[PDB]
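Written below as structure tokens is the structure these notes are about.
Protein chains in written order, with the deposited numbering: chain H, 608 to 755; chain K, 639 to 758; chain A, 5 to 52, 58 to 223, 247 to 250; chain W, 1 to 35.
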């Protein structure tokens, strides 16, 4: 299955999304129990345009592994793309509970809070993000100005 | 005679002459690059005769006597993909790719076999 | 319809306003001591004693990152290059390697030529050159003329660049040729370095780049 | 005497292309049937 995953990634980086998906389904078939393979297959599917099937595969992945940071990250990104922020809120809440020391989680959590409209939550999370890391603070500064 | 009747698009008599050739050489000398040609040509006639089982058997036998043969593995992939034995088809095709990476038809064959397997 | 499309193809009286061009070749100012909005657009590293070479390397890397930070496509490796002459020490690879330490050097006639041949019609938008006045004063490029064309046959003058003190990346976007597109559409670009600073002989080229628009298992 | 090496049949490109094509319409057959 490592060769199948590599073929899928090699097809993915060149833009042949359908060929990459063809490789990823075989990689999943070889080893049904996986998380990163399922996430990559769902990403390929949403690249094709099948958002519902990608959601179903992601749900199967999270059911198989209830503790998977990357699967929840992709859940949140897809729900943000699909304007499903009502459940995306709890997805990022659980994610930031899982990872407390990563500034990227705070950034996305504060951004989602601002999109919902909780100004206090947005400013608190963005302040935490500036305190944790100044490397990506340029986007954080703009997020403050827009929220304020 | 079998090869030339094959080339003349008259397969039925080519098979009988090649069958006679196989039965003459069957008892003696399995090795020495003669029986190899006999089974390969006979298997080719079956694959062109549209009867596949004995062709697969003969190709398996000659493969047992000689493993480094890209054409043999390509023919095995052909015959296995003609039937629905996709796993043997892809295995023998990957073996052919391993023996010779730059095969023209083999790449398209692998693509088609993989697509059929995924859709299955 | 036939007559009107010919008129659109060949506007006789519509185009020519007065026919009073001045015809002198326009000159671009490259100095980095004056702060202006237009110069900041074309000069990236920012206006500033002479920095030490390690500071030059640092600011070289930061300029590369800043230029690549924006939404861009790099096609520097998607074209054929043929300089006027080598010197057998360093080909143009060290010019295109995005490394300050390594560089390309020509050796031959005084009007040095650098040829950029394209394979397909690519619309270049930002032209990037790195200069080092203090690090390479002997071989510093003092006078630059950038040409344009669809072929070696129809190469024509586009712009002038006079160098006084530029120790950093230089961004050169093109707007005079096409105001609507704000980019250049050619297949043939050649550069000339007819003279160097303090009456130099040869010329290096620290950096060069071309800009166009458009977790795992081991 | 020097016996000639017997000639060996070769798997041509044309017949394998014909078979791969036939397989493509073969898989294309039931995809609309499934729909």
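Ideal Cβ positions, reconstructed from N, Cα and C, are used throughout, including at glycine.
Endpoints, the beta strand (DSSP E) within which residue i is located
i, result
"residue 168 of chain A", "165-171"
"residue 219 of chain A", "216-221"
Beta-bridge partners of residue i, as assigned by DSSP
i, result
"residue 195 of chain A", "A:131"
"residue 232 of chain A", "Since the model of chain A passes from 223 to 247 in one step, residue 232 of chain A is not part of what is shown."
"residue 32 of chain A", "A:170"
"residue 213 of chain A", "A:114"
Reduced DSSP category for residue i - H, G, I as helix; E, B as strand; rest coil
i, result
"residue 205 of chain A", "strand"
"residue 700 of chain K", "helix"
"residue 137 of chain A", "strand"
"residue 82 of chain A", "strand"
"residue 181 of chain A", "strand"
"residue 114 of chain A", "strand"
"residue 624 of chain H", "helix"
"residue 47 of chain A", "strand"
"residue 755 of chain H", "coil"
"residue 70 of chain A", "helix"
"residue 730 of chain K", "helix"
"residue 670 of chain H", "helix"
"residue 760 of chain H", "Since the displayed chain H opens at 608 and closes at 755, residue 760 of chain H lies outside it and no answer follows."
"residue 730 of chain H", "helix"
"residue 719 of chain H", "helix"
"residue 708 of chain H", "coil"
"residue 77 of chain A", "helix"
"residue 609 of chain H", "helix"
"residue 696 of chain H", "helix"
"residue 144 of chain A", "coil"
"residue 746 of chain H", "helix"
"residue 119 of chain A", "coil"
"residue 59 of chain A", "coil"
"residue 669 of chain K", "coil"
"residue 663 of chain H", "helix"
"residue 27 of chain A", "coil"
"residue 695 of chain K", "helix"
Range covered by the alpha helix (DSSP H) that runs through residue i
i, result
"residue 677 of chain H", "676-688"
"residue 157 of chain A", "Unbroken run through residue 157 of chain A is the beta strand (DSSP E), 152-157; no alpha helix (DSSP H)."
"residue 652 of chain K", "649-664"
"residue 685 of chain K", "673-687"
"residue 103 of chain A", "Element bounds for residue 103 of chain A: n/a, residue is neither H nor E."
"residue 717 of chain K", "708-720"
"residue 757 of chain K", "742-757"
"residue 723 of chain K", "Neither: residue 723 of chain K is in no alpha helix (DSSP H) and is coded neither H nor E."
"residue 27 of chain W", "13-34"
"residue 647 of chain H", "643-655"
"residue 640 of chain K", "640-645"
"residue 13 of chain A", "6-13"
Buried or exposed (CB count within 10 angstroms, at least 16 for buried), residue i
i, result
"residue 635 of chain H", "buried"
"residue 620 of chain H", "exposed"
"residue 626 of chain H", "buried"
"residue 205 of chain A", "buried"
"residue 611 of chain H", "buried"
"residue 673 of chain K", "buried"
"residue 623 of chain H", "exposed"
"residue 736 of chain K", "exposed"
"residue 5 of chain A", "exposed"
"residue 681 of chain H", "buried"
"residue 141 of chain A", "buried"
"residue 756 of chain H", "This structure cannot speak to residue 756 of chain H, because chain H is shown only from 608 to 755."
"residue 150 of chain A", "buried"
"residue 79 of chain A", "exposed"
"residue 705 of chain K", "exposed"
"residue 632 of chain H", "buried"
"residue 750 of chain H", "buried"
"residue 213 of chain A", "buried"
"residue 67 of chain A", "exposed"
"residue 130 of chain A", "exposed"
Cβ contact (3+ pairs, closer than 8 angstroms) linking the region 31-47 of chain A and the region 172-180 of chain A: The region 31-47 of chain A, when compared against the region 172-180 of chain A, does touch it at the 8 angstroms Cβ threshold.
Sufficient close CB pairs (3 or more, under 8 angstroms) joining the region 8-26 of chain A to the region 93-107 of chain A: no
Touching by the beta-carbon criterion (3+ pairs, under 8 angstroms), the region 189-201 of chain A and the region 156-168 of chain A: yes
Three-pair Cβ contact test at 8 angstroms for the region 743-750 of chain K versus the region 12-24 of chain W: yes
The region 70-86 of chain A in contact with the region 176-183 of chain A per 3-pair CB rule at 8 angstroms: yes
The region 654-661 of chain H in contact with the region 690-698 of chain H per 3-pair CB rule at 8 angstroms: no
The region 22-33 of chain W touching the region 657-666 of chain K, judged by at least three CB pairs closer than 8 angstroms: no
Sufficient close CB pairs (3 or more, under 8 angstroms) joining the region 87-98 of chain A to the region 110-123 of chain A: Counting Cβ pairs under 8 angstroms, three or more are found: they touch.
The region 684-691 of chain K touching the region 702-722 of chain K, judged by at least three CB pairs closer than 8 angstroms: yes
Inter-stretch contact (C-beta, 8 angstroms, three-pair minimum) for the region 216-223 of chain A and the region 737-747 of chain H: no
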